[PDB]
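Single-structure report; data block below.
Where a number appears in this text, it was derived from the coordinates with a stated rule and is not lab data. Virtual Cβ from ideal backbone geometry, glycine too; neighbours counted across all protein chains shown.
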Amino acid sequence: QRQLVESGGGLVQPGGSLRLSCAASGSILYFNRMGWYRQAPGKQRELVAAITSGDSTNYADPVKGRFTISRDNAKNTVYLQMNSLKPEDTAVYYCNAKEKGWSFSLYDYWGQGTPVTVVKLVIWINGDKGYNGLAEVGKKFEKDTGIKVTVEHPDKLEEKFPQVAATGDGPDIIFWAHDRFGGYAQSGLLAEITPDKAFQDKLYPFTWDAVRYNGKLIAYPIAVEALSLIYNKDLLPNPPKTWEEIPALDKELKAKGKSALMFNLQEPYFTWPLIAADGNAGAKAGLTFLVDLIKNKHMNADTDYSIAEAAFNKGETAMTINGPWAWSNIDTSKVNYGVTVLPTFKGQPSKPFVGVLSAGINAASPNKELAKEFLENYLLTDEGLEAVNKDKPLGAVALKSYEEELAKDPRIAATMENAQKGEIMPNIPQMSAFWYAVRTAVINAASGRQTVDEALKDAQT
Ligand SMILES: OC[C@H]1O[C@H](O[C@H]2[C@H](O)[C@@H](O)[C@@H](O)O[C@@H]2CO)[C@H](O)[C@@H](O)[C@@H]1O
């Protein structure tokens, strides 16, 4: 009898290629039509290509321009050269042949089927982090498996993820501080994390608590993040221990064509430590001081991450407020820098919010088990976290094995100092609305629109 046998089905990276081949146990000359049909999980049969005895070739609009149906009557084989592959292609590919009998009737013949998988691992992490290093981990993953690991860093990913991941595909794995994850968990945008005891035991038990919402693990903890006072040792050997002595220092420095302190005033995460130093009466005190700095022309009105960073690295400002991630760019520059305790306000310390960098798996992802493999066996390893850390520092890693190395770093000590003086952010769904309320409040008071008393009024509502 006549039997069709398909081959060439495997795993590939989008943009890659695959040659399917279907050999018959009889001459193709006898066939009228030969063609390729595909079936994806839970869907109807979809013709992709066909070739008639008359040498005419037809294709479906999705594959048109990308796929070519070929035939070799010597080898008694029909081919499907699939170029520039996409995730929509992923399906079981079947070979079909039609034969007119001697009489009026015809015969349809089918094959076993050949599986084609187009898989890409996509990761969303912020641009201020070590995406290049995260890619080096992803490159080792592809060597040991065959899956592509692209690393993306889009603007406003914290508020682009819940919109795109809900409707569209978005990323497989999302990287952000633990505070944003409760809102994703409530909305149903994250898969429940199920790590075995042995993996679980590799990380500090306090770190796991930050990535827990209603008794379910919603992410993998990576590292603890806290803002510190970054200062130029040459321009300022004995930096301010108090916030209230910065105006004096600024007067001194402005005479020599230099600023005292430049940091991101737009993002409320950077201004919150000063606001929360005393506490309400504490928020009113802390903000009024911040307002007086802009009013006394000590700080610029629209001071953002880029002009603050650049100014410090250039050697224009004596101080800056930033996280572990910012250190590598300073090292690149020729600035003898120091990382230390944040200045105190009204005697009491400035309480910076503490973030736990965490990796979560998107609920609407087909690569949930592949991402778990990447996160556990490749990223959350000594070797894996090292790679990320040499690009842009992670801070105080969640890995137990890294304690000695963390403790040997003076900047980590300063980070941990500030983290103890601060507090970990609750993961709750209301954090988004809270942060927005503070973001507006600080900008309005900074520019000169709303009063300090009226800012806390609108923010408490
Ligand atoms: O600015 C408010 C913003 O702050 C925090 O985001 C930090 C993030 O945690 C850090 O890793 C760093 O990259 O900067 C961000 C602020 O610029 C909160 O995690 C976030 O929810 C909040 O929107």
Expected 222 nm ellipticity per residue - DSSP helices of 4 or more, -39500 (n - 2.57), all of the chain, to 500: -9500 deg cm²/dmol
At most 12 other Cβ within 10 Å, DSSP loop - trypsin sites (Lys or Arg not before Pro), region 288-330: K297
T68 long-range amide H proximity, modeled H, under 5 Å: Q81, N83
Trypsin sites (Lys or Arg not before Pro) lying in DSSP loop within region 1-68, provided at most 13 other Cβ fall within 10 Å: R2, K43, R45, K64
Convex hull projection area averaged over all views, region 181-242, Cα basis, nm²: 7.3 nm²
Cα→Cβ-extended label distance, 7 Å offset, between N126 and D201, nm: 3.4 nm
Electrostatic dipole magnitude of the chain [Cβ: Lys, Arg +1; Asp, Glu -1; Cα centre; debye, to 20]: 980 debye
Distance in nm between pseudo-label sites at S25 and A255 (7 Å out along the Cβ direction from Cα): 9.9 nm
Cross-link table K43/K372; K372/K400; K202/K392; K233/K392; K156/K334, entries beyond 25 Å C-alpha to C-alpha: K43/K372; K156/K334
DSSP-loop chymotrypsin sites (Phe, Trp or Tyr not before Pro) across region 199-258, with at most 10 other Cβ within 10 angstrom: none
Shape of region 1-131, Cα gyration tensor, a/c cut at 1.5: prolate
Cα-projected label distance for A40 with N280, points at 7 Å along beta-carbon direction, nm: 5.2 nm
Cut-off 10 Å between beta-carbons: net charge of the residues surrounding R180, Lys and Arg +1, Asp and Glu -1: -3
For a label point 7 Å along the Cα-to-beta-carbon line of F104, residues of region 26-65 with backbone N under 20 Å: 32
Cut-off under 5 Å, modelled amide H: who pairs with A223 long-range: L357, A398
